[PDB]
S.K.: 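I have a structure I would like to understand better, so I am pasting it below and will then ask my questions one at a time.
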Amino acid sequence: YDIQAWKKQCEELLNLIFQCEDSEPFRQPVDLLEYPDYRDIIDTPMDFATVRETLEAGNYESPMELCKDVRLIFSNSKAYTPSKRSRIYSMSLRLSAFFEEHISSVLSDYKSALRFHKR
Ligand SMILES: COCCNC(=O)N1CCN(C(=O)c2cccs2)C[C@H]1C
C-alpha cells in the first residue's frame, strides 16, 4: 500500500529499457534536421530520456502519466514508420510489449495503494 513506490519501480524499469538494444532509436529526441518532416507528422515528440528526466524532476504525479508518455513514444514511432515491416517499427513493438508486461503491476499496485488510502 506504498503510494510512492511506483517512482523507484519506474526508475528501475527505465534502466532496464535503456539496457535493451531495442530502445536505442527511442532514447533521445528525434533530430529534426536528420528527419526534417518529423514534426509534420508528429505533434508531440517524446523519448525515453525526456521521460526519465520528467520522472527525476518530480514532474510525474503518477505512474499513469509516465505510462502515457511512454506509450506516446511508441505511437510516434508507429506513425512515422512508413511500413509495419520496418526495423524501427519491429523494435517499437518488442520494446512496447516488454514495457507493458512490466508496467502492469506498477499501475495495479499504485491504484491499489490509492484505493486503500481513501478506503
Ligand atoms: C536509418 O534508420 C533510421 C531509423 N530511425 C528512424 O526512422 N527513426 C527513429 C525512431 N523514430 C521515432 O519516431 C522516435 C525517436 C525517438 C522517440 S520516437 C522514427 C524515426 C525518426
Side-chain angles (χ1 to χ4, degrees), residues 1-7 9-119:
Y1 300 134
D2 180 343
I3 298 166
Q4 284 91 48
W6 67 277
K7 181 167 181 185
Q9 288 163 6
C10 286
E11 288 166 346
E12 310 290 17
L13 177 46
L14 287 167
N15 286 342
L16 291 180
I17 288 176
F18 271 88
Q19 287 299 311
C20 291
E21 297 184 346
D22 280 344
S23 70
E24 195 270 321
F26 313 105
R27 289 174 190 159
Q28 301 298 318
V30 165
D31 191 324
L32 298 185
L33 102 85
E34 199 161 41
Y35 296 88
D37 59 346
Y38 194 68
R39 296 305 307 285
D40 303 329
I41 297 139
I42 302 310
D43 286 322
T44 309
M46 187 53 60
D47 67 277
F48 282 105
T50 297
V51 170
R52 172 185 273 167
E53 282 172 34
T54 303
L55 185 64
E56 300 305 68
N59 286 355
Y60 290 127
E61 193 174 2
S62 77
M64 292 85 77
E65 289 178 351
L66 177 144
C67 184
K68 174 163 163 267
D69 282 353
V70 169
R71 286 168 180 172
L72 174 63
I73 298 168
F74 297 127
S75 57
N76 288 347
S77 170
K78 160 165 196 189
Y80 189 76
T81 185
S83 177
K84 292 186 176 177
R85 295 178 56 239
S86 80
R87 183 75 194 286
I88 297 306
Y89 189 71
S90 70
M91 291 167 83
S92 294
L93 294 181
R94 290 190 299 256
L95 194 64
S96 173
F98 173 80
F99 171 77
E100 291 296 341
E101 172 180 291
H102 290 60
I103 202 63
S104 47
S105 63
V106 179
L107 293 168
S108 302
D109 287 3
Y110 179 76
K111 293 175 174 182
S112 168
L114 269 195
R115 285 190 295 262
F116 186 77
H117 192 75
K118 303 166 214 319
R119 63 192 190 279

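All values below come from the heavy atoms of this structure, side chains included, with hydrogens, waters and symmetry mates left out. In what follows, residues are counted from 1 in the order of the sequence shown.
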S.K.: Quick check for you: to the nearest 0.5 Å, what is the distance between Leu66 atom CG and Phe99 atom CZ?
M.R.: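 The CG atom of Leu66 sits 5.5 Å away from the CZ atom of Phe99.
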S.K.: Can you pull the side-chain hydrogen bond (donor to acceptor under 3.5 Å, both in side chains) pairs that have at least one residue in residues 97-111, sequence neighbours excluded?
M.R.: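 Passing the test, one end in residues 97-111: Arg71-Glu100.
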S.K.: Using atom types as modelled and distance alone, determine if a side-chain donor or acceptor of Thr81 lies under 3.5 Å from a backbone N or O of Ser77.
M.R.: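 It does not hold such a pair.
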S.K.: In the single-linkage hydrophobic clustering (I, L, V, M, F, W, Y; side-chain heavy atoms under 4.5 Å), do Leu16 and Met91 co-cluster?
M.R.: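 Same cluster: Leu16 reaches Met91 through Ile, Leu, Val, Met, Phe, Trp or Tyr contacts under 4.5 Å.
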S.K.: Is there a path of hydrophobic side-chain contacts, each under 4.5 Å between heavy atoms of I, L, V, M, F, W or Y residues, that connects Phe98 with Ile103?
M.R.: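 Linked, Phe98 and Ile103 end up in one cluster.
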S.K.: Once you round to the nearest 0.5 Å, how far does CG of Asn59 lie from OG1 of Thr50?
M.R.: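 Those atoms lie 12.0 Å apart.
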S.K.: Hey, is the main chain of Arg87 close enough, under 3.5 Å, to the side chain of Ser90 for a donor-acceptor pair?
M.R.: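 Yes, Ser90 side chain to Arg87 backbone: donor-acceptor pair under 3.5 Å.
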S.K.: First locate atom NE2 of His117, then atom CZ of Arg115, and finally report the distance between them rounded to the nearest 0.5 Å.
M.R.: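 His117 NE2 to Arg115 CZ: 14.0 Å, rounded to 0.5 Å.
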S.K.: Mind checking side-chain contact (heavy atoms from CB on, under 4.5 Å) for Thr44 and listing every partner two or more places apart, or none if nothing turns up?
M.R.: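 Applying side-chain contact (heavy atoms from CB on, under 4.5 Å) to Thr44 gives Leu72.
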S.K.: Calculate, to the nearest 0.5 Å, the distance between atoms CD1 and CZ belonging to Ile73 and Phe26 respectively.
M.R.: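 Those atoms lie 8.5 Å apart.
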S.K.: Does the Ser92 side chain pair with the main chain of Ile88, one donor and one acceptor, at a distance under 3.5 Å?
M.R.: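 The answer is yes, because a donor-acceptor pair under 3.5 Å joins these two groups.
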S.K.: So, for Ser112 and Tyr1, which heavy atoms are closest and what is the spacing to 0.1 Å?
M.R.: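 Heavy atoms only, the tightest pair is OG-CE2, 3.8 Å.
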S.K.: I'd like to know whether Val70 forms a side-chain contact (heavy atoms from CB on, under 4.5 Å) with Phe48, so could you lay out the CA-CA distance, the side-chain angles of the two residues, the decisive distance to 0.1 Å, and finally the verdict.
M.R.: CA-CA 7 Å; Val70 169; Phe48 282 105; 3.8 Å; yes
S.K.: Between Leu107 and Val51, is there shared hydrophobic-cluster membership here, with clusters defined by ILVMFWY side-chain heavy atoms closer than 4.5 Å?
M.R.: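 Yes.
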S.K.: Using distance only, find each side-chain donor-acceptor pair of residues 27-40 under 3.5 Å and give its atom names and separation, not counting sequence neighbours.
M.R.:
from: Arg27; atom 1: NE; to: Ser23; atom 2: OG; distance (Å): 2.9
from: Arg27; atom 1: NH2; to: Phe18; atom 2: O; distance (Å): 3.2
from: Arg27; atom 1: NH2; to: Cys20; atom 2: O; distance (Å): 2.9
from: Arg27; atom 1: NH2; to: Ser23; atom 2: OG; distance (Å): 3.3
from: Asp31; atom 1: OD1; to: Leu33; atom 2: N; distance (Å): 2.9
from: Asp31; atom 1: OD1; to: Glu34; atom 2: N; distance (Å): 3.3
from: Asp37; atom 1: OD1; to: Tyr80; atom 2: OH; distance (Å): 2.4
from: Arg39; atom 1: NE; to: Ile42; atom 2: O; distance (Å): 3.1
from: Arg39; atom 1: NH2; to: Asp43; atom 2: O; distance (Å): 3.2

S.K.: CD of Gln4 to CD of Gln9: how many Å apart, nearest 0.5 Å?
M.R.: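 If we round to the nearest 0.5 Å, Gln4:CD and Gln9:CD are 11.5 Å apart.
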S.K.: For the CE atom of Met46 and the CZ atom of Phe74, what is their distance to the nearest 0.5 Å?
M.R.: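 Going from CE on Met46 over to CZ on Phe74, the span is 12.5 Å.
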S.K.: With a 4.5 Å cut-off on side-chain heavy atoms, are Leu55 and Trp6 touching?
M.R.: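 Yes, side chains in contact.
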S.K.: May I ask whether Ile3 and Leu13 are part of the same hydrophobic cluster, defined by side-chain heavy atoms of I, L, V, M, F, W, Y residues being less than 4.5 angstrom apart, directly or through others?
M.R.: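 Shared cluster, yes.
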